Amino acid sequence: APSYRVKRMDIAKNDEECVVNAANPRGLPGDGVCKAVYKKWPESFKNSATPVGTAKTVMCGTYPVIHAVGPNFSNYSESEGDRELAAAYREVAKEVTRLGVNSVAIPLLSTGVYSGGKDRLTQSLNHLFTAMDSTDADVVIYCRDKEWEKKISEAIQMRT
């Protein structure tokens, strides 16, 4: 039965059948999760540009990298950002289904440099749940912060 799990570690060392990059719409290497991903899978950045609110898969050998572009909340209104954040996750679910993978390593989109300085753990995680609930893949969420690890775990546990 497919599960949700959380791991506090570098997403570039995931043990899943594909990864989601928290990407920018320019397809450029960038900072944080995107930097790790670039160093691990540089060939997945060939023609990886995709607009805000979308996701695009680029293969690195046979390993799929799903570049998903959450909104930068600095730029977006709360209502328009929320729409785009939801859309990005929906496109992730679609790519995951099309690939036929049994598992996916995913970050919380729009929670770091794109958070607009707000805590958006709950907002982002709930959009992730809504989209990925219709898939049969194991989902592993990767975070860096110990407190976030606990709150994500609690949110996972409380739906069971």
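A residue's number is simply how far along the shown sequence it sits, counting from 1. Throughout, rigid core stands for the largest set of C-alpha atoms superposing within 1.5 Å between the two forms.
Asks: Consider 125-133 and 32-40 separately and indicate which one has Cα atoms farther, on average, from the shown form in 6 other deposited structures of this protein after rigid core alignment.
Replies: After the core superposition, the stretch with higher RMS deviation in 6 other deposited structures of this protein is 32-40.
Asks: Going by the B-factors listed in the PDB entry, is the mean over the C-alpha atoms higher for 144-152 or for 5-13?
Replies: The deposited B-factors put 144-152 ahead on the C-alpha mean.
Asks: Using only the Cα atoms and their B-factors as the entry lists them, report which of 28-36 and 90-98 averages higher.
Replies: In the deposited entry, the stretch with the higher C-alpha B-factor mean is 28-36.
Asks: Highest Cα B-factor in the deposition, which of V52, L128, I66, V113?
Replies: It is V113.
Asks: Which one of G61, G70, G117, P107 shows the top CA temperature factor in the record?
Replies: That would be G117, according to the entry.
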